[PDB]
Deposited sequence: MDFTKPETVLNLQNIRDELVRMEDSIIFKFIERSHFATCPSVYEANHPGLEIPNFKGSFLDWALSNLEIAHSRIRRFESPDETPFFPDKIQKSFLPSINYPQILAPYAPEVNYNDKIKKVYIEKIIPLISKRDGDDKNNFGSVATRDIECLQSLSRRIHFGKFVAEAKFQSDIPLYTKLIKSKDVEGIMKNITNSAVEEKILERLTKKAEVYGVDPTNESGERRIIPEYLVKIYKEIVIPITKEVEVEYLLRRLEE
């Protein structure tokens, strides 16, 4: 995949490879986050102790928004595969731009489910992957920086669905043009879903959950929980991105 050669990107064999690459990535990031307690205070807005000056919002938000502003100056968000968490906070780059071709439809950057991703990460994911409940006062920084790594991988994996959608669109213009014009979300859903491919994915994740992080010489991740996160969070939100992208495909 070369984001300057449209044809390597809109290649489904390639898209598949990247998603695989991305799942191992997410797993590694989950295993690192698993070494700390849940640290409820890292996520509370304006927590009594972790009180950031001139700042409403959480300790995580501060660390994340700040990372984004730095990265944005170094062209982080010009790339079609990178979606910001604080879109309103990011700056313009001070580096010469890379003239990315127009691969996805021009409204692509508006399809942004990051608010929802940060929310379920905090509410449904931290609980299943953290070491124990409660604050670990000496590791709030270790925790937030790990949270950002997890959030950014999930966000890309999930937003990758825009690429997946376009690739599916090109392969059967007639089918998707019918569905899109008639706003048949159920038809789009039914079509972009492959129950046999998902089954395989969930199987792969269980075995990867079983061999990763564990010294080959007990389990940093609970297989059931990793499968649960994919089945209930990652896969479903990716389809939400896909159908939203498609319904606006033939707009202007």
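Residues of the deposited sequence lacking C-alpha coordinates fall in a single stretch, 218-221, numbered from 1.
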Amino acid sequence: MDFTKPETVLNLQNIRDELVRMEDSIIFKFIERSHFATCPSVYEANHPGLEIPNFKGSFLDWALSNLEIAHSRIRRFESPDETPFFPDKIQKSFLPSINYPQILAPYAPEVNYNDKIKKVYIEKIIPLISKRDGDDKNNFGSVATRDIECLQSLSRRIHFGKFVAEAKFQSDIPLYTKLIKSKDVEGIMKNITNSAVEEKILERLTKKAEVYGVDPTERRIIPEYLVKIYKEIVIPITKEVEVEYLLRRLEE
From here on, numbers count along this sequence of modelled residues.
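Higher average CA B factor: 2-10, of the stretches 2-10 and 241-249. If you average the C-alpha B-factors over 165-173 and over 144-152, the higher value belongs to 165-173. Going by the entry's values, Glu198 shows the largest Cα B-factor out of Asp61, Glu68, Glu32, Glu198. Looking only at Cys39, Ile26, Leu205, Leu50, the residue with the top Cα B factor in the deposited structure is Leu50. When the modelled residues of the chain are ordered by C-alpha B-factor, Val227 sits in the lowest third.
Among the modelled residues of the chain, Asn138 sits in the middle third by CA temperature factor in this PDB entry.
Annotation for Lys89: CA B-factor lies in the highest third of the chain's modelled residues. Placement of the Cα temperature factor of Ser130 within the chain: lowest third of the modelled residues, per the deposited record.
Ranked by Cα temperature factor within the chain, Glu110 sits in the highest third according to the deposited record.
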